[PDB]
Structure formats: C-alpha cells, structure tokens
Amino acid sequence: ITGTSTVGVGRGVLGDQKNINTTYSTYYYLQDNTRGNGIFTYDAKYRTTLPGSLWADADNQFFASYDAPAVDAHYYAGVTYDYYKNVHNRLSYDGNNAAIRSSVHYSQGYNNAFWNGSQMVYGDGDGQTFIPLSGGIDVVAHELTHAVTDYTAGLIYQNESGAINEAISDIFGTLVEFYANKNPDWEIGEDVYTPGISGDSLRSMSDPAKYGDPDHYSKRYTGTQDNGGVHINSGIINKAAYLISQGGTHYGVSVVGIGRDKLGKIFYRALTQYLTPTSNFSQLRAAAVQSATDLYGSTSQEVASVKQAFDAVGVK
Ligand SMILES: [Ca+2]
Ligand SMILES: [Ca+2]
Ligand SMILES: [Ca+2]
Ligand SMILES: [Ca+2]
Ligand SMILES: [Zn+2]
C-alpha cells in the first residue's frame with residue numbers, strides 16, 4: 001500500500017523483542033519499504049486461501065501471541081534479504097529486487113512451511129511437533145532459498161536434482177543463521193521443532209545419520225517416497241558441505257575445513273553459474289570444483305577440500 005515508512009516493535013515466536021519495518025496508512029502494515037521492492041507479510045487467518053490479508057495493526061506494537069509468527073516471518077525475511085545482498089551481491093531472490101511476500105497462520109495445526117513458487121507460507125504447527133515455523137531463521141532462509149534456486153539453477157524437485165535443491169536450502173538456511181549469529185548450529189529447525197523435547201531437530205548437516213538420513217552415497221534412498229527422497233538424500237550433500245566448511249574424517253576420508261564464508265561463495269557460484277534443472281550429485285561435485293577453481297585457483301586448498309569432501313560422501 002501507499003504510506004509512510006515507520007518502525008514498529010513486537011515480540012517473535014520465541015518471546016524475543018525486535019523492531020520491524022512497517023508502513024502507516026490509517027493502520028500500520030507489515031510492509032518493509034527499506035529493502036528492494038518491499039517485504040510484505042500477510043495473515044492467512046487459519047485458512048488456505050493465499051496470500052490472505054496484508055497484516056494490519058492499529059498501534060504499531062506487535063506483542064500479542066497472534067502477532068508473533070508475523071513478527072518473525074517479516075523480520076527474518078529481512079535478515080535473509082540482507083544476507084543475499086551483503087554477502088552475495090544479490091538483490092532479493094530474483095536478483096532484481098522482487099517483492100518478498102509471506103503468509104502466516106496458514107491452515108490449522110499445519111506442521112510445515114514452504115515456498116509456493118510465488119511466496120512463503122508458514123503453518124503454526126500443532127504445538128507438539130512444531131511451534132509456528134517462522135520462529136526458525138534457518139527455516140525462513142531455507143524456504144526463501146528455494147526461490148533463489150527456482151530463479152537460477154532451477155533444480156527439478158525430484159530424485160538427485162531435488163536432493164541438491166533441498167541441500168542448497170539447508171546450506172544457505174544455515175549460513176543465514178550464522179550470519180544472524182544467534183545460537184547458530186548445523187542443525188535444521190531446532191528453534192521450532194518439538195517444544196517438549198530438548199536438543200533435537202528435523203535434520204542434521206553435521207551428522208545426518210542422527211535422524212536416519214544417509215551420510216554416504218552408498219546409503220542413498222532409491223524408492224519413490226518423498227519425491228525420490230529429496231529430504232532424505234539431501235543428507236549426503238549436507239554432510240559434504242559441512243565437511244568442506246568444518247573439516248573432519250568421515251569413513252576414514254580426511255577433509256581440511258575452509259570455513260563457512262568460502263563454503264557460501266563456492267556453493268553460491270555453483271548454484272548461479274553451473275547447476276542446471278537436471279544436475280545430479282556427480283554434476284554438483286564438478287560444479288563445486290569448478291566454482292572453487294574460479295574463485296581460488298586450481299592448486300588451492302579450497303579445490304582440494306571440495307574434492308576430499310565429495311570423496312568422503314562417496315560422490316565421484
Ligand atoms: Ca498492536
Ligand atoms: Ca540455532
Ligand atoms: Ca539451525
Ligand atoms: Ca525440540
Ligand atoms: Zn524445502
């Protein structure tokens with residue numbers, strides 16, 4: 001809407017207070033005009049019609065329980081926008097400052113969050129498996145990264161290309177979490193998953209096997225469930241990215257870590273310059289090796305480490 005840019009204050013899903021960019025026109029709307037062509041957050045009102053209503057508030061204060069998921073969806077979209085712009089010189093998900101839209105309170109007891117090809121959508125969870133999913137910065141960044149991928153490599157959401165698609169989202173979700181620097185880790189969704197259970201998460205990049213996901217190509221799922229196991233076989237690529245960054249010895253193969261920033265550069269370059277809709281794991285390895293070569297030279301530690309990592313997870 002047309003209005004004047006203002007700054008509201010509220011509390012997110014985890015009870016933390018934060019400032020949010022709003023727009024004033026009779027009501028204060030969750031519309032951040034400070035980033036690209038805007039970040040807009042909507043209320044789906046427990047229904048499944050999208051996007052729902054642009055979030056409107058009478059007093060620019062967002063401390064109600066019902067406000068929390070909106071506060072976080074709006075704020076974390078901003079953090080993710082900042083990451084891509086500051087770190088990768090990318091303006092929004094399309095590289096041309098596309099408006100970022102999110103709807104919260106999607107359906108009832110909905111234990112998921114997703115990019116639908118046009119916008120972000122967040123369930124509130126059922127309070128047992130999940131609390132409102134926009135509470136997880138890694139979740140927000142994971143799903144916005146699907147938009148980036150759709151505008152770039154366009155990895156088909158099935159089989160190996162789909163698992164790469166998922167891993168890319170886990171990788172950048174995690175790098176955004178580190179960028180925000182609040183309790184960062186190599187786990188996915190820990191902030192909103194199972195409020196009744198401490199120390200768990202949906203997936204682990206450092207040890208995918210913790211939740212029964214493969215950490216080696218020899219253990220890949222080849223059935224038809226989950227679009228050919230896109231959320232399962234992503235563990236193989238997640239483990240490789242973790243190894244590239246942090247190092248380690250995996251099934252007896254040693255990897256020299258090169259750190260998160262260089263991991264981010266290599267994979268962002270792979271995603272935007274080399275990967276295609278049909279890329280498989282072997283082709284991802286080649287793309288990452290070529291990216292690291294472009295960035296650091298063929299004789300670099302960075303290239304050697306990428307090779308070691310993919311070797312360690314059995315991807316040739
Ligand atoms: Ca209010
Ligand atoms: Ca964390
Ligand atoms: Ca995490
Ligand atoms: Ca938990
Ligand atoms: Zn996903």
# chains A, B, ... in the order shown; residues from 1 in each chain; ligands from 1
$ select_by_dssp --residues "region 31-186 of chain A" --states "strand (DSSP E or B)" --output "list in words"
residues 31, 32, 39, 40, 41, 42, 43, 53, 54, 56, 57, 61, 62, 100, 101, 102, 103, 104, 105, 106, 113, 114, 115, 120, 121, 122, 123 and 130 of chain A
$ residues_around --residues "region 85-97 of chain A" --least-positions-apart "3" --cutoff "9 Å" --atoms "only C-alpha atoms" --output "PyMOL selection string"
chain A and resi 35-38+80-82+100+144-152+261+264-265+268
$ write_last_selection --atoms "C-alpha atoms" --output "short mmCIF file (atom, residue, chain, number, x, y, z; two decimals), in the first residue's frame"
data_model
loop_
_atom_site.label_atom_id
_atom_site.label_comp_id
_atom_site.auth_asym_id
_atom_site.auth_seq_id
_atom_site.Cartn_x
_atom_site.Cartn_y
_atom_site.Cartn_z
CA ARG A 35 14.54 -3.50 1.24
CA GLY A 36 14.24 -3.70 -2.54
CA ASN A 37 10.64 -3.51 -3.73
CA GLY A 38 9.34 -4.32 -0.28
CA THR A 80 17.66 -13.24 4.60
CA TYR A 81 17.37 -10.31 2.16
CA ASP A 82 20.32 -8.69 3.93
CA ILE A 100 9.12 -10.79 -0.84
CA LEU A 144 13.42 -18.35 0.61
CA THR A 145 16.47 -20.10 -0.82
CA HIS A 146 14.07 -22.31 -2.84
CA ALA A 147 13.01 -19.08 -4.58
CA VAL A 148 16.64 -18.23 -5.35
CA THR A 149 17.13 -21.73 -6.72
CA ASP A 150 13.97 -21.52 -8.83
CA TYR A 151 15.30 -18.32 -10.42
CA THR A 152 18.78 -19.73 -11.03
CA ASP A 261 32.29 -17.97 4.14
CA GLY A 264 28.98 -19.99 0.84
CA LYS A 265 30.97 -18.49 -2.05
CA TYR A 268 26.51 -19.72 -4.43
#
$ residues_around --residues "residue 284 (chain A)" --least-positions-apart "5" --cutoff "10 Å" --atoms "only C-alpha atoms" --output "count of residues only"
16
$ residues_near_ligand --ligand "ligand 2" --cutoff "6 Å" --atoms "only C-alpha atoms and all ligand atoms" --output "ChimeraX atom specification"
/A:183-185
$ residues_near_ligand --ligand "ligand 4" --cutoff "8 Å" --atoms "only C-alpha atoms and all ligand atoms" --output "ChimeraX atom specification"
/A:190-201
$ residues_around --residues "residue 175 (chain A)" --least-positions-apart "3" --cutoff "9 Å" --atoms "only C-alpha atoms" --output "JSON, numbers by chain"
{"A": [83, 138, 141, 170, 171, 172, 178, 179, 180, 184, 186, 260, 261, 264]}
$ write_last_selection --atoms "N, CA, C and O atoms" --output "tab-separated table (two decimals), in the first residue's frame"
chain	number	residue	atom	x	y	z
A	83	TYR	N	21.35	-10.89	4.00
A	83	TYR	CA	22.41	-11.87	3.73
A	83	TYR	C	22.73	-11.92	2.24
A	83	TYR	O	23.88	-11.78	1.84
A	138	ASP	N	16.54	-20.44	10.28
A	138	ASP	CA	17.02	-21.39	9.27
A	138	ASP	C	15.88	-21.90	8.38
A	138	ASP	O	16.07	-22.12	7.19
A	141	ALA	N	15.01	-18.89	5.96
A	141	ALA	CA	16.03	-18.78	4.92
A	141	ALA	C	16.08	-20.01	3.99
A	141	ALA	O	16.32	-19.86	2.79
A	170	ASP	N	19.17	-26.04	2.83
A	170	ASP	CA	19.67	-26.29	4.19
A	170	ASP	C	20.98	-25.55	4.41
A	170	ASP	O	21.22	-24.98	5.48
A	171	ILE	N	21.84	-25.58	3.40
A	171	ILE	CA	23.12	-24.90	3.47
A	171	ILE	C	22.94	-23.40	3.66
A	171	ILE	O	23.50	-22.80	4.58
A	172	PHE	N	22.18	-22.76	2.78
A	172	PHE	CA	22.00	-21.32	2.94
A	172	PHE	C	21.13	-20.94	4.13
A	172	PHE	O	21.32	-19.89	4.73
A	178	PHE	N	23.96	-18.43	10.82
A	178	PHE	CA	25.26	-17.98	11.30
A	178	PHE	C	25.46	-16.48	11.10
A	178	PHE	O	26.06	-15.80	11.93
A	179	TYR	N	24.96	-15.98	9.98
A	179	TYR	CA	25.02	-14.56	9.67
A	179	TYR	C	24.28	-13.74	10.73
A	179	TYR	O	24.76	-12.70	11.17
A	180	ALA	N	23.11	-14.22	11.15
A	180	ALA	CA	22.35	-13.54	12.20
A	180	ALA	C	23.02	-13.72	13.55
A	180	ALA	O	22.85	-12.90	14.45
A	184	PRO	N	23.79	-20.13	16.51
A	184	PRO	CA	23.94	-20.84	15.24
A	184	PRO	C	24.42	-22.27	15.42
A	184	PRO	O	25.15	-22.58	16.38
A	186	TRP	N	24.62	-26.41	13.00
A	186	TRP	CA	24.48	-27.10	11.72
A	186	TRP	C	23.28	-28.05	11.75
A	186	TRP	O	23.24	-29.06	11.05
A	260	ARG	N	33.00	-21.26	6.74
A	260	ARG	CA	31.65	-21.04	6.24
A	260	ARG	C	31.60	-20.09	5.07
A	260	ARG	O	30.88	-20.31	4.10
A	261	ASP	N	32.35	-19.00	5.17
A	261	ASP	CA	32.29	-17.97	4.14
A	261	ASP	C	32.67	-18.53	2.78
A	261	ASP	O	31.97	-18.29	1.79
A	264	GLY	N	30.04	-20.80	1.43
A	264	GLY	CA	28.98	-19.99	0.84
A	264	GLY	C	29.32	-19.49	-0.55
A	264	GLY	O	28.48	-19.58	-1.46
$ closest_atom_pairs --of "chain A" --to "ligand 1" --cutoff "6 Å" --atoms "only C-alpha atoms and all ligand atoms" --output "tab-separated table"
residue	atom	partner	partner_atom_place_in_ligand_line	distance
A:57	CA	ligand 1	1 (Ca)	5.0
A:58	CA	ligand 1	1 (Ca)	5.5
A:59	CA	ligand 1	1 (Ca)	4.8
A:60	CA	ligand 1	1 (Ca)	5.4
A:61	CA	ligand 1	1 (Ca)	4.1
A:62	CA	ligand 1	1 (Ca)	4.7
$ residues_around --residues "region 102-111 of chain A" --least-positions-apart "4" --cutoff "10 Å" --atoms "only C-alpha atoms" --output "number ranges by chain"
A: 39-55, 66-74, 77, 115, 118-134, 140, 144, 193
$ residues_around --residues "residue 156 (chain A)" --least-positions-apart "4" --cutoff "7 Å" --atoms "only C-alpha atoms" --output "list in words"
residues 161, 162, 277 and 278 of chain A
$ closest_residue --among "A:176, A:232, A:287, A:167" --to "residue 307 (chain A)" --atoms "only C-alpha atoms"
A:287
$ decode --residues "region 202-241 of chain A" --atoms "N, CA and C atoms" --output "PDB file, in the first residue's frame"
ATOM      1  N   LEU A 202      14.973 -31.279  12.951  1.00  0.00           N
ATOM      2  CA  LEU A 202      14.418 -32.012  11.814  1.00  0.00           C
ATOM      3  C   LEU A 202      15.482 -32.804  11.086  1.00  0.00           C
ATOM      4  N   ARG A 203      16.625 -32.162  10.867  1.00  0.00           N
ATOM      5  CA  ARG A 203      17.742 -32.781  10.164  1.00  0.00           C
ATOM      6  C   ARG A 203      19.026 -32.250  10.756  1.00  0.00           C
ATOM      7  N   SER A 204      20.102 -33.008  10.591  1.00  0.00           N
ATOM      8  CA  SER A 204      21.420 -32.555  10.987  1.00  0.00           C
ATOM      9  C   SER A 204      22.333 -32.571   9.772  1.00  0.00           C
ATOM     10  N   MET A 205      23.037 -31.470   9.538  1.00  0.00           N
ATOM     11  CA  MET A 205      24.036 -31.430   8.477  1.00  0.00           C
ATOM     12  C   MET A 205      25.360 -32.063   8.921  1.00  0.00           C
ATOM     13  N   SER A 206      25.684 -31.910  10.200  1.00  0.00           N
ATOM     14  CA  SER A 206      26.943 -32.430  10.721  1.00  0.00           C
ATOM     15  C   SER A 206      26.895 -33.949  10.870  1.00  0.00           C
ATOM     16  N   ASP A 207      25.723 -34.483  11.209  1.00  0.00           N
ATOM     17  CA  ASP A 207      25.548 -35.928  11.317  1.00  0.00           C
ATOM     18  C   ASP A 207      24.155 -36.328  10.853  1.00  0.00           C
ATOM     19  N   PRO A 208      23.934 -36.363   9.528  1.00  0.00           N
ATOM     20  CA  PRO A 208      22.593 -36.674   9.010  1.00  0.00           C
ATOM     21  C   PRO A 208      22.031 -37.991   9.564  1.00  0.00           C
ATOM     22  N   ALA A 209      22.915 -38.940   9.860  1.00  0.00           N
ATOM     23  CA  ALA A 209      22.514 -40.257  10.347  1.00  0.00           C
ATOM     24  C   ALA A 209      21.761 -40.190  11.686  1.00  0.00           C
ATOM     25  N   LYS A 210      21.969 -39.103  12.423  1.00  0.00           N
ATOM     26  CA  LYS A 210      21.299 -38.880  13.697  1.00  0.00           C
ATOM     27  C   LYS A 210      19.784 -39.040  13.538  1.00  0.00           C
ATOM     28  N   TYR A 211      19.257 -38.622  12.391  1.00  0.00           N
ATOM     29  CA  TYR A 211      17.829 -38.759  12.136  1.00  0.00           C
ATOM     30  C   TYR A 211      17.547 -39.720  10.985  1.00  0.00           C
ATOM     31  N   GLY A 212      18.438 -40.691  10.806  1.00  0.00           N
ATOM     32  CA  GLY A 212      18.236 -41.728   9.812  1.00  0.00           C
ATOM     33  C   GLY A 212      18.408 -41.302   8.362  1.00  0.00           C
ATOM     34  N   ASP A 213      19.023 -40.146   8.130  1.00  0.00           N
ATOM     35  CA  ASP A 213      19.324 -39.727   6.762  1.00  0.00           C
ATOM     36  C   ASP A 213      20.715 -40.192   6.367  1.00  0.00           C
ATOM     37  N   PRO A 214      20.891 -40.569   5.093  1.00  0.00           N
ATOM     38  CA  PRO A 214      22.189 -41.080   4.631  1.00  0.00           C
ATOM     39  C   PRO A 214      23.290 -40.019   4.693  1.00  0.00           C
ATOM     40  N   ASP A 215      24.502 -40.452   5.026  1.00  0.00           N
ATOM     41  CA  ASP A 215      25.670 -39.573   5.028  1.00  0.00           C
ATOM     42  C   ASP A 215      26.717 -40.113   4.058  1.00  0.00           C
ATOM     43  N   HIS A 216      26.273 -40.992   3.166  1.00  0.00           N
ATOM     44  CA  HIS A 216      27.153 -41.578   2.165  1.00  0.00           C
ATOM     45  C   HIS A 216      26.322 -42.020   0.971  1.00  0.00           C
ATOM     46  N   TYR A 217      26.850 -41.805  -0.229  1.00  0.00           N
ATOM     47  CA  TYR A 217      26.109 -42.124  -1.453  1.00  0.00           C
ATOM     48  C   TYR A 217      25.666 -43.582  -1.483  1.00  0.00           C
ATOM     49  N   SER A 218      26.473 -44.457  -0.892  1.00  0.00           N
ATOM     50  CA  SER A 218      26.171 -45.891  -0.882  1.00  0.00           C
ATOM     51  C   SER A 218      24.882 -46.169  -0.111  1.00  0.00           C
ATOM     52  N   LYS A 219      24.462 -45.203   0.700  1.00  0.00           N
ATOM     53  CA  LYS A 219      23.254 -45.344   1.511  1.00  0.00           C
ATOM     54  C   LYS A 219      22.063 -44.557   0.969  1.00  0.00           C
ATOM     55  N   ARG A 220      22.143 -44.130  -0.288  1.00  0.00           N
ATOM     56  CA  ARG A 220      21.083 -43.299  -0.860  1.00  0.00           C
ATOM     57  C   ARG A 220      19.765 -44.065  -0.920  1.00  0.00           C
ATOM     58  N   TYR A 221      18.674 -43.341  -0.710  1.00  0.00           N
ATOM     59  CA  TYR A 221      17.335 -43.895  -0.835  1.00  0.00           C
ATOM     60  C   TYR A 221      16.934 -43.855  -2.297  1.00  0.00           C
ATOM     61  N   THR A 222      16.472 -44.988  -2.822  1.00  0.00           N
ATOM     62  CA  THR A 222      16.156 -45.082  -4.246  1.00  0.00           C
ATOM     63  C   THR A 222      14.675 -45.349  -4.531  1.00  0.00           C
ATOM     64  N   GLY A 223      13.855 -45.365  -3.483  1.00  0.00           N
ATOM     65  CA  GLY A 223      12.416 -45.534  -3.629  1.00  0.00           C
ATOM     66  C   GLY A 223      11.706 -44.300  -4.170  1.00  0.00           C
ATOM     67  N   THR A 224      10.381 -44.292  -4.086  1.00  0.00           N
ATOM     68  CA  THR A 224       9.592 -43.241  -4.717  1.00  0.00           C
ATOM     69  C   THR A 224       8.997 -42.244  -3.733  1.00  0.00           C
ATOM     70  N   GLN A 225       9.041 -42.574  -2.446  1.00  0.00           N
ATOM     71  CA  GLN A 225       8.506 -41.688  -1.415  1.00  0.00           C
ATOM     72  C   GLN A 225       9.272 -40.368  -1.404  1.00  0.00           C
ATOM     73  N   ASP A 226       8.606 -39.308  -0.955  1.00  0.00           N
ATOM     74  CA  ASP A 226       9.250 -38.010  -0.775  1.00  0.00           C
ATOM     75  C   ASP A 226       9.913 -37.551  -2.071  1.00  0.00           C
ATOM     76  N   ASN A 227       9.194 -37.691  -3.180  1.00  0.00           N
ATOM     77  CA  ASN A 227       9.724 -37.337  -4.498  1.00  0.00           C
ATOM     78  C   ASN A 227      11.093 -37.958  -4.783  1.00  0.00           C
ATOM     79  N   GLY A 228      11.254 -39.221  -4.409  1.00  0.00           N
ATOM     80  CA  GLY A 228      12.534 -39.887  -4.548  1.00  0.00           C
ATOM     81  C   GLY A 228      13.509 -39.486  -3.451  1.00  0.00           C
ATOM     82  N   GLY A 229      12.986 -39.152  -2.272  1.00  0.00           N
ATOM     83  CA  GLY A 229      13.828 -38.921  -1.105  1.00  0.00           C
ATOM     84  C   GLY A 229      14.589 -37.602  -1.095  1.00  0.00           C
ATOM     85  N   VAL A 230      13.941 -36.529  -1.540  1.00  0.00           N
ATOM     86  CA  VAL A 230      14.631 -35.247  -1.625  1.00  0.00           C
ATOM     87  C   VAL A 230      15.043 -34.719  -0.242  1.00  0.00           C
ATOM     88  N   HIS A 231      14.250 -35.023   0.787  1.00  0.00           N
ATOM     89  CA  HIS A 231      14.567 -34.587   2.152  1.00  0.00           C
ATOM     90  C   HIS A 231      15.440 -35.617   2.859  1.00  0.00           C
ATOM     91  N   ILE A 232      15.700 -36.730   2.181  1.00  0.00           N
ATOM     92  CA  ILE A 232      16.468 -37.826   2.759  1.00  0.00           C
ATOM     93  C   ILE A 232      17.890 -37.798   2.212  1.00  0.00           C
ATOM     94  N   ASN A 233      18.015 -37.897   0.893  1.00  0.00           N
ATOM     95  CA  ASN A 233      19.320 -37.890   0.242  1.00  0.00           C
ATOM     96  C   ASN A 233      20.028 -36.541   0.303  1.00  0.00           C
ATOM     97  N   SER A 234      19.309 -35.499   0.705  1.00  0.00           N
ATOM     98  CA  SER A 234      19.965 -34.213   0.927  1.00  0.00           C
ATOM     99  C   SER A 234      21.051 -34.367   1.988  1.00  0.00           C
ATOM    100  N   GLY A 235      20.910 -35.361   2.863  1.00  0.00           N
ATOM    101  CA  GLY A 235      21.904 -35.585   3.900  1.00  0.00           C
ATOM    102  C   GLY A 235      23.299 -35.832   3.344  1.00  0.00           C
ATOM    103  N   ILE A 236      23.366 -36.456   2.175  1.00  0.00           N
ATOM    104  CA  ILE A 236      24.656 -36.765   1.552  1.00  0.00           C
ATOM    105  C   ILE A 236      25.359 -35.466   1.167  1.00  0.00           C
ATOM    106  N   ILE A 237      24.604 -34.553   0.568  1.00  0.00           N
ATOM    107  CA  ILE A 237      25.150 -33.253   0.186  1.00  0.00           C
ATOM    108  C   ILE A 237      25.355 -32.334   1.403  1.00  0.00           C
ATOM    109  N   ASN A 238      24.407 -32.337   2.339  1.00  0.00           N
ATOM    110  CA  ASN A 238      24.592 -31.603   3.600  1.00  0.00           C
ATOM    111  C   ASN A 238      25.894 -31.993   4.310  1.00  0.00           C
ATOM    112  N   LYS A 239      26.172 -33.294   4.373  1.00  0.00           N
ATOM    113  CA  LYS A 239      27.390 -33.758   5.035  1.00  0.00           C
ATOM    114  C   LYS A 239      28.630 -33.250   4.294  1.00  0.00           C
ATOM    115  N   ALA A 240      28.592 -33.292   2.967  1.00  0.00           N
ATOM    116  CA  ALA A 240      29.707 -32.788   2.176  1.00  0.00           C
ATOM    117  C   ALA A 240      29.961 -31.302   2.446  1.00  0.00           C
ATOM    118  N   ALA A 241      28.896 -30.498   2.473  1.00  0.00           N
ATOM    119  CA  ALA A 241      29.043 -29.062   2.726  1.00  0.00           C
ATOM    120  C   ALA A 241      29.558 -28.806   4.143  1.00  0.00           C
TER     121      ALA A 241
END
